[PDB]
Amino acid sequence: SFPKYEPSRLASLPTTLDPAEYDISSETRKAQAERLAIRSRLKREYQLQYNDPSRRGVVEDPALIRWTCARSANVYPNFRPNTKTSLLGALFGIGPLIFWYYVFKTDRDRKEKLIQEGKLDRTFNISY
Amino acid sequence: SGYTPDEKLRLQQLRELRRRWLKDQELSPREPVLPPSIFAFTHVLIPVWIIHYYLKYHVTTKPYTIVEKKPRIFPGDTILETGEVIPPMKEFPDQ
Amino acid sequence: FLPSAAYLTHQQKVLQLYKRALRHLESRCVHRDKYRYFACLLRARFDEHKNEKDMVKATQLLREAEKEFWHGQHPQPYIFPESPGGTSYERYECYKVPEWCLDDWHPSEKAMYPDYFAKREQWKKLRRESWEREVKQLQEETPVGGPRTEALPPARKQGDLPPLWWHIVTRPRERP
Amino acid sequence: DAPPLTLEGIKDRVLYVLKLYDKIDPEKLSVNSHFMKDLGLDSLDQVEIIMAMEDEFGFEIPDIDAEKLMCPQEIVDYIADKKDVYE
Amino acid sequence: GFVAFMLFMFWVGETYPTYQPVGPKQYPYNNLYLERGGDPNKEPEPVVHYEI
Amino acid sequence: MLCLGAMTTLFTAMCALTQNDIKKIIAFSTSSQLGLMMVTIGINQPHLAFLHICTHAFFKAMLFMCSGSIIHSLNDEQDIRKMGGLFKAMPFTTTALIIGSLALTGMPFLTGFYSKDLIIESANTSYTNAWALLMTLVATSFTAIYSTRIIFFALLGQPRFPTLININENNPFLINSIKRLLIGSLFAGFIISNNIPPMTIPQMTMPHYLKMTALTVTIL
Amino acid sequence: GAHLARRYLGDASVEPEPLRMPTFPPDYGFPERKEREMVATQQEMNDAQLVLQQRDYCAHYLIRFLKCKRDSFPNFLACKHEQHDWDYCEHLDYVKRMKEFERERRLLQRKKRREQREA
Amino acid sequence: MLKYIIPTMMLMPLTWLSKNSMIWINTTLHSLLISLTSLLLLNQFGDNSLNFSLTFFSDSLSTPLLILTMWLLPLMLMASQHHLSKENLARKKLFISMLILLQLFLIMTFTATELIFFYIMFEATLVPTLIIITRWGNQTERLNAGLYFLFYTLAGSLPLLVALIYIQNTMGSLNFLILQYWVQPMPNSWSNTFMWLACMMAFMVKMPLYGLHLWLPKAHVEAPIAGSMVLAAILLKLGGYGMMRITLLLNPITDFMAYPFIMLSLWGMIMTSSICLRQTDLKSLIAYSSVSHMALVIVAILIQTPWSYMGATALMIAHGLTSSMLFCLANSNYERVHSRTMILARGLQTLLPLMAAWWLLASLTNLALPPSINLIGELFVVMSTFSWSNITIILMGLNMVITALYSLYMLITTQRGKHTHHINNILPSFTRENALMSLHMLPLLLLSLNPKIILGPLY
Amino acid sequence: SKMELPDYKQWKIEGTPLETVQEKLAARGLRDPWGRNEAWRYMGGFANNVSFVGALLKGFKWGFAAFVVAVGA
Amino acid sequence: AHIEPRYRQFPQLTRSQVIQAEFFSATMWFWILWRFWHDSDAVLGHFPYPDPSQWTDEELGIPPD
């Protein structure tokens, strides 16, 4: 009695029913052990830089600085203009702009033609 | 499973230290800190005086200012100001 | 994703399943007596095939148990008002001012509280005196170049305090 | 909320609601006794014990801890640690 | 599907109203003229009501 | 106006069912009441909507304040599971809750009678959308049933709440505030709703099963 | 009611469409039956600042009710019988509107089936 | 106006021959006295402008911006220590004298009668800011920021000179009255279109609009607080001032040729308010906020309604105050923790209990709080643009929603919820920073009481 | 700092829902409940709590008499 | 002394809070009774809603056919 739990990009696949967790290779055991080793070494270095009574300033997290310089300044290299990048650039940059420009031309031509005929509700339209 | 005895001993040293700190966190010299009608009168008389001074002179010398939706008058009344009647309504029947 | 080990256990996974299903049955089943009936029914359903000597049949029943649990969970489970997602969940995080501060006061406010600041001075001397040789020798003596665990050893050599104790002892009271 | 709590109260209440449980006995029940080792109840019922203390005192304790309590002295110690029971 | 069903039944309502079996509200003075937009002497419109 | 009001009324009425926190039940309840007020603006009756604002305001301020009294008295567990036995655990707040969750529905001459039932009478006697009427009717039945379920799980059942209890109302400010608002929600609905100049035409000429239908739906 | 079921399930003719009510003209079977007294004295109806869509038949009772309710204020429950009389006069108005409805209905049904079955 | 020019000169050798640890007090005191004397200007009445020579004259557009400049000088001259208080006496005096000279050219620029003189003092304002941000930028791309600043602002601003010389020798002199009282319509040829595109595109570069706006954020995140606040407030609102003055000529062709700039400004206002919702680098959020609000200003200038010009000058002055203050709070948090990031410096409700009030009040003046001047400006721009077209109010309100969203996210990100408990260096708030916050906020609220000052020519 | 802690064994399995459910589960064939941790919930000032119509009809124990006095006045 | 917590038992009640609770519930019921019978009876229509208008042919204006 189960609808098999299809996932999505927003409904994440939970840690219970993977079901790849229940047929296990030994290399995955080695991987989990070495991943625990990495987190243990990082917490050891952090806690030794964390409890010094002589230390005053911030701890200078290198991953945060690395992510920030990855996100701000290191986008422009690397870059090459591809067909995908040029297509998506001219789509998201010019397309909606020329769309709203067409609709403003349409609305303004209708409004000026209509007041050239004069059949608007400007019986009193003072604060223009 | 259960505890490894290293965790037991380390946990006991933190029990002694945490209890001594938390017992220290009480302050008790038994001198802990040390330095180194009128309401209704004022608040129903002074803003009432200030506002009612404000509303007579400034407010009613500005002409188009406080204005009241007029009292409704009824056909049995008499006008208090000049003094003249208002004619009553006619016969009632077929109810 | 746990500090002491890498994988939980098989038994630990079955045990977490049992606690989660029993908690969701609490939340599903009010009046507490029909709850007690259904909880003993669940305990019997675990007892009926607890003593199977295989291992791949054990993980088979575990996997189908997660399927037939995730079918029948409850949408808003009764989580306690200290758990994550709960009603409070650091309600009083407004008032957990940490104790690396309180040294940046004006000395008149320090003259209002003599005894607590004197005893904080002796605790801070106890921190500074017993930091370098003992704690750093025990942290750079027993581990290998890879630590491979996160349990840290007690201080059992001769004397003083365990290593790395300050921001674990001097944490706020959690109901200030 | 104004409750007072002490080590005496948590010790007596935990030993009380372990004394009330069915398939152990109040005859041989010290403060210092294991669960699997000498009382001889299974780990399934040990998690039912942990569920009873959670449902009584009103706060979850995690399964990263619930592997390894196993004795009422460390139960009293751990919940006294979580509630910070001193003045 | 549920939002489409609610808006579909609102459209079915908007084409098929209910009403109690009742004529108009009969106003005394020329469908309450001179207390509409005005025209005080332009259009006295002859309309009367009859007792039934 | 009245299509949106009927949509809100049925949607938060059905959504109020199977909710297991107190405050979220009360929020869905007040959303259903604002749905009736949008129906009250859809039919040309604004003054009845204003009367409903006033009575509704007294009423759910009293209800929130009573629930806050209970939640602080019971160590903030705050949820409808693990809530049960509170009648005779001093019954001042249970009197407050039964007066309240009585007054939420149409109780024939209390504060919640006047506003809500003149709303449904003037809504039924009008050239309406013919489905919004049914939505307000079904959602009046729904507010009856979650009012009954909040009473039953909050006050009546077997007591399910952990020991070392310090349930306390020997307290001046709490009983003064609850006292002042129960005196409010018993009399001030009538006192407000009677001495006002009639700014509309009251309908007052209904058939059978159109005036009775409020009490009929709340009883069923 | 039942009129709604008949109008949405039966034929299209014999149940009259509301808000286009006068279909047959008046004095069709009246002759010389009209009073329409309207004793409300429109200028004094303007003088008492009534709301629009109240300046109607049975408004003199509204004038009397407003007069007694203003003139005896601190009695919270002063005017009962005149407010009852105003409700009674609006009940007479509602009865008259229902009489107009079923007059046009019975005329439409009987006369149009007469005409379109003997034409 | 010479009574405002010459004590700005005389305040410069003050800084040189005042002794050590006494330059500060003398410069702050005397620039505040200049601020009072500046506030004595506000005489402007009714029919005409006021003429402080054939060389100087003041429109009522120029009066609140001039008082804003001579009010933002002492605030800045106090704002710019603790990151150069350890530096040398000579370099310190050079920095302070550079700010005084920049004030001098800003007063030159705001009381510019002639448009030629306006252009010369425009790029004279441009000169010292490069020296300031390059010598005290305190980061590694300050060279890139100052260089983009220079070549963008010149290469946009430069054929404006050629168009102004052409107007100079085709219609006589360039006093604003004789440029006015004589201005004839210029029909839809192509040379008139290029003259319009030269002038308006130079100021488009200066505001900036969306296609030319990466000019700005490097010049704010890679600059000291003095150059940042003067750059943002006085230089962008000076560009708007200049467009307001020069748009009196070229009356008929703006209807023909002014549609795509409205378009790029609106869609880039939306995209810029969207890009400043997800970034790190706390300083940059206020920079893209400034880009969004000055795109709104540009829409307001290019439509030509008196409601639009009143809302434009109100939005200019209110956003200048708000963005300068919010830059200053960002520098205060950066002096607390040497981060520049946003997800690091968390907490700060528990610690620093008074700073929450200034963060909240500055974020609400950025939120368009309704009695404030910011909402007065935005509201009249929305009224005028809905008179322009019945459909463009969707973009205005969507800007409003996203503006409230990112501003209040900027509030509840840095200063809401949990200290990271590894910081342990932040000191309680000084009296200097809170004095600066009180010097920012209190003129804005006192103008919110009486905004008949800051509404411009068409009052 | 006494609490006096009312002891165990002063209830049995006599709370009648617990008694009926132990009878049903003993007929099921398990006989292993949690048992005696809920009898304090099922005895004392509890245990015959009032039903639903009684709680709303709780008003006129004092009410009909005062109503008859006010009508007769 | 004021209240104290008690363990695994029904709590104690002062007579004051329970007598105000009984008084206020009894006055609510007294109000709904004295507002039911004496003065309004608004649950009934209060005017006889008639039949289809009169059920009288040749009256209100119809011709015989």
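Technique stated in the header: electron microscopy, 3.9 Å.
Using the three backbone atoms N, Cα and C, a Cβ is placed for every residue, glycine included.
Sequence annotations record features per position, and here Swiss-Prot assigns transmembrane segment to H:22-42, H:60-80, H:98-118, H:147-167, H:196-216, H:224-244, H:256-276, H:284-303, H:308-330, H:351-371, H:391-411 based on sequence analysis.
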Is it true that the transmembrane segment (H:98-118) and the transmembrane segment (H:308-330) have 3 or more Cβ pairs under 8 Å, skipping pairs fewer than 6 apart in sequence?
no
Go through H:22-42, H:196-216, H:224-244, H:256-276, H:391-411 and flag the stretch with the largest number of C-beta pairs under 8 Å relative to the transmembrane segment (H:308-330).
H:224-244
Closest-packing stretch to the transmembrane segment (H:224-244), where packing means Cβ pairs under 8 Å, from H:147-167, H:196-216, H:351-371, H:391-411:
H:196-216
May I ask you to check whether the transmembrane segment (H:196-216) and the transmembrane segment (H:22-42) make contact, with contact taken as at least three Cβ pairs under 8 Å and only pairs 6 or more apart in sequence counted?
no
Please work out whether the transmembrane segment (H:284-303) lies in contact with the transmembrane segment (H:22-42), by counting C-beta pairs under 8 angstroms that are 6 or more apart in sequence and asking whether there are at least 3.
no
Long-range neighbours of the transmembrane segment (H:351-371), counting only residues six or more past its ends (CB under 8 A):
289, 318, 321-323, 325-326, 329, 332, 378-379, 400, 403-404, 407-408, 410-411, 414-415, 419, 426, 428-429, 434, 437, 440-441, 444, 448
